[PDB]
Amino acid sequence: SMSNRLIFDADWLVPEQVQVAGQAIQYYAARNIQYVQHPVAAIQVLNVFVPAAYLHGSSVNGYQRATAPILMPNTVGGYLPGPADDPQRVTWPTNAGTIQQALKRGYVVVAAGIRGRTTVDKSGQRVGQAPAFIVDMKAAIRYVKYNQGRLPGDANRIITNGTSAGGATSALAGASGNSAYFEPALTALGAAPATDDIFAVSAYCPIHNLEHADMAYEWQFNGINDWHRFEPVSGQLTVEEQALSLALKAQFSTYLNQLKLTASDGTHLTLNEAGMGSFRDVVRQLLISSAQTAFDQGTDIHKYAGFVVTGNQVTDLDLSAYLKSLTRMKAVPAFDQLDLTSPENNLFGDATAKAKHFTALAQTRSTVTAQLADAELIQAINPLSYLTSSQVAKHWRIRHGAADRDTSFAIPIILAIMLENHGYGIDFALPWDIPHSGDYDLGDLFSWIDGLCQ
Ligand SMILES: CCOC(=O)c1cc(O)c(O)c(O)c1
């Protein structure tokens, strides 16, 4: 209700510890904070965790109570609801281990719970489909920022983190700070009256740019006709699927070209009608760079086909061979399925429709009665749209595993290039033989954060 003043009180913080890696880590916790006045779902609370030193005058890793970074991780996966996390948490889904490490690192952590596509309200009405997830994420950011100086850590040093859908969530938050589009939703929630622009973005395999992901996917996996994706399940593409695949691949050239992406010197990155060109060379060079890094560590990079090694250097790559050994994960279309059965179909549904299309192609060739999601909505939840009406985070670190087949490498790469083309700081890589996952390189992530904040 409006009796909730959204005022944080450090006296709520109570001491706890967690034994991790030969050390007990001392911290304080304040759990289940209602971060908006008018929540529609019980999941809409946030936890706050604080290195013990910050309640005793002391410092950790060069940070203090007023200066510490605020890590805002989320537990969002598959665009499902992400409960408020907790270093003591051991039920799926959780990044408790990351929270432990971030506390050890001296970060304040604010783990907000976020509605997802399956979330329902008191009556059993869906209230977690787009753009609920980013609205909630923003509402939690606003809470923190409204509470600057009551809440430990620096609210001008918020750094979101997330994996997959959670990665897109982190990314979208960094891209869309103070976007007018979300104002009516936040106001309807009674979120705190403060800004929601953040400082830095960490994102692992962000499943974003959803309305172009079908094109990017086929540009990559066309020619590979068997797919493999909890139960082991697999199929073989139909002629119809193959038709869509070939068409989706072709269309990707047209989309990619109009982006006007450029390389470091200044060359327009392009593709011809057959999907070949300087942009494909960039993808290839990034995989080559990923393989070299592993090679230098004594890793057998020939686990996957295609790599040319000359002496001690990965000099080239047969991209098609690699992709064939990587294997295709999703059928066609990969994201906007024609029978509305994908997570993203469900994501774009509403209180009325469980699922919608979000591309012209899938709406046109729909095998089930369906409507197209609002064009402004699709646009609003795509990070890329804010780079080409908001204040954007200036610092980004993006990772997508070279063994991750959940979305085309082209998706994170486009994001990284746009960021770079437009003057943002951007640390990008496709970590060798890394599957769909996140938080696997915390030592480098934390070092990157420490580079920004100290
Ligand atoms: C399965 C874990 O990762 C996900 O969050 C995720 C989300 C999506 O929207 C996807 O399309 C996907 O392949 C994975």
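FYI the Cβ positions are ideal-geometry reconstructions off the backbone, even for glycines, and counts take in every protein chain you see. Just so you know, all these numbers are worked out from the coordinates, no wet-lab data involved.
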Exercise. Can you tell me how many residues in region 401-428 are in a strand (DSSP E or B) and farther than 13 Å from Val283 by Cβ?
Worked result: 3
Exercise. Would region 309-319 turn up any residue that is part of a loop (DSSP other than H, G, I, E, B), farther than 18 Å from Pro431 by Cβ and among the polar types (S, T, N, Q)?
Worked result: yes
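Pick from region 391-418 the residues that are charged (D, E, K, R) and more than 21 Å from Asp214 (Cβ to Cβ): which of them is farthest from the ligand (Cβ to nearest atom)?
Going through region 391-418, the residues charged (D, E, K, R) turn out to be 394, 397, 399, 404-406.
Subsequent filtering for residues that are more than 21 Å from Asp214 (Cβ to Cβ) retains 394, 397, 399.
Working: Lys394: 26, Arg397: 19, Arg399: 14 Å.
Looking at residues that are charged (D, E, K, R) and more than 21 Å from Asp214 (Cβ to Cβ), I get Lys394.
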Problem set entry | Options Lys324, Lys354; residue that is within 30 Å of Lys122 (Cβ to Cβ) and within 27 Å of the chain's Cα centre (by Cα) | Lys354
For this session: Would you confirm whether any residue within region 47-57 is crowded, with 16+ Cβ neighbours inside 10 Å, within 22 Å of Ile141 (Cα to Cα) and of a type in the set (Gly, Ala, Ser)?
Result: no
For this session: Just give me the residues in region 50-83 being away from the ligand (no atom under 16 Å from the Cβ), in contact with a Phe, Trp or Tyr (Cβ under 8 Å, 6 or more places away or on another chain) and assigned to a loop (DSSP other than H, G, I, E, B), in sequence order.
Result: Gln64, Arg65, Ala68, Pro69
Exercise. What pairs can you find where one residue is in region 307-333 and farther than 20 Å from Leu246 by Cα, the other is surrounded by fewer than 18 Cβ atoms within 10 Å (Cβ to Cβ) and hydroxyl-bearing (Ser, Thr, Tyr), and their Cβ atoms are less than 6 Å apart, with a gap of 6+ or different chains?
Worked result: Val308/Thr315
For this session: Filter region 5-25 down to residues that are more than 26 Å from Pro193 (Cα to Cα) and surrounded by fewer than 17 Cβ atoms within 10 Å (Cβ to Cβ), then give me how many there are.
Result: 10
For this session: Could you look through region 379-413, keep only residues that are farther than 17 Å from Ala334 by Cα and β-branched (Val, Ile, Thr), and pick out the one that is farthest from the chain's Cα centre (by Cα)?
Result: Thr388
Exercise. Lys330 passes all but one of (1) out of contact with any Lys or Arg (no Cβ under 7 Å at 6 or more places or on another chain); (2) part of a loop (DSSP other than H, G, I, E, B); which number fails?
Worked result: (1)
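Yes/no per residue for (1) crowded, with 18+ Cβ neighbours inside 10 Å; (2) among the hydrophobic types (A, V, I, L, M, F, W, C):
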residue: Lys303; (1), (2): no, no
residue: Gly306; (1), (2): yes, no
residue: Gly311; (1), (2): no, no
residue: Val314; (1), (2): yes, yes
residue: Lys330; (1), (2): yes, no
residue: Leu338; (1), (2): yes, yes
residue: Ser342; (1), (2): yes, no
residue: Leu347; (1), (2): yes, yes
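Identify, please: which residue in region 319-337 is within 16 Å of the ligand (Cβ to nearest atom) and among the hydrophobic types (A, V, I, L, M, F, W, C) and is, among those, farthest from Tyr304 (Cα to Cα)? Even if it seems obvious, please write down each step before you answer.
If we filter region 319-337 for residues that are within 16 Å of the ligand (Cβ to nearest atom), which is where we start, we get 326-337.
Next cut, among the hydrophobic types (A, V, I, L, M, F, W, C) only: 326, 329, 331-332, 334-335.
Numbers: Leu326: 7, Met329: 16, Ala331: 22, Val332: 24, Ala334: 23, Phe335: 26 Å.
Ranking the qualifying residues of region 319-337, first place goes to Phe335.
So that you can scan it fast, the table gives a plain yes or no per residue for (1) farther than 23 Å from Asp11 by Cβ; (2) of a type outside the set (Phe, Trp, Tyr):
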site	(1), (2)
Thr91	yes, yes
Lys104	yes, yes
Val109	no, yes
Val127	yes, yes
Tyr143	no, no
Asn156	yes, yes
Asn161	yes, yes
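Quick test for you: out of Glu218, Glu241, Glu231, pick the one residue that is charged (D, E, K, R) and more than 16 Å from the ligand (Cβ to nearest atom).
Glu241
Every residue in region 248-273 that is of a type in the set (A, V, I, L, M, F, W, C) and either surrounded by fewer than 16 Cβ atoms within 10 Å (Cβ to Cβ) or in contact with a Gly (Cβ under 7 Å, 6 or more places away or on another chain) (or both), please.
Restricting attention to region 248-273, the residues satisfying the condition of being of a type in the set (A, V, I, L, M, F, W, C) are 248, 250, 252, 256, 259, 261, 263, 269, 271.
Across region 248-273, the qualifying residues are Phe252, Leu271.
Yes or no, residue by residue, for (1) touching a helix residue (DSSP H, G or I) at 6+ places or on another chain (Cβ under 8 Å); (2) surrounded by 17 or more Cβ atoms within 10 Å (Cβ to Cβ); (3) of a type outside the set (A, V, I, L, M):
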| residue | (1), (2), (3) |
| --- | --- |
| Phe358 | yes, yes, yes |
| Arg365 | yes, no, yes |
| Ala393 | yes, yes, no |
| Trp396 | yes, yes, yes |
| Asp404 | no, yes, yes |
| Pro412 | no, yes, yes |
| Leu415 | yes, yes, no |
| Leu419 | no, yes, no |
| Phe428 | yes, yes, yes |
Exercise. Considering only residues of region 64-89 that are of a type in the set (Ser, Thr, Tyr) and either surrounded by fewer than 23 Cβ atoms within 10 Å (Cβ to Cβ) or in contact with a strand residue (DSSP E or B) (Cβ under 8 Å, 6 or more places away or on another chain) (or both), which is nearest to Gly106 (Cα to Cα)?
Worked result: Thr67
For this session: From (1) surrounded by fewer than 19 Cβ atoms within 10 Å (Cβ to Cβ); (2) within 16 Å of the ligand (Cβ to nearest atom); (3) over 30 Å from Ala24 (Cβ atoms), pick out the condition that doesn't hold for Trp92.
Result: (3)
For this session: Quick one: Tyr181 ticks every box in (1) more than 16 Å from the ligand (Cβ to nearest atom); (2) among the hydroxyl-bearing types (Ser, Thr, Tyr); (3) within 30 Å of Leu55 (Cα to Cα) except a single one, so which number is it?
Result: (3)
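In region 99-115, how many residues are out of contact with any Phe, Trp or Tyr (no Cβ under 6 Å at 6 or more places or on another chain) and either within 16 Å of the ligand (Cβ to nearest atom) or not polar (S, T, N, Q) (or both)?
Residues of region 99-115 that are out of contact with any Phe, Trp or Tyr (no Cβ under 6 Å at 6 or more places or on another chain), as a first pass: 99-102, 104, 107-108, 110-113, 115.
Filter once more, keeping what is either within 16 Å of the ligand (Cβ to nearest atom) or not polar (S, T, N, Q) (or both): 99, 102, 104, 107-108, 110-113, 115.
Matching residues across region 99-115 total 10.
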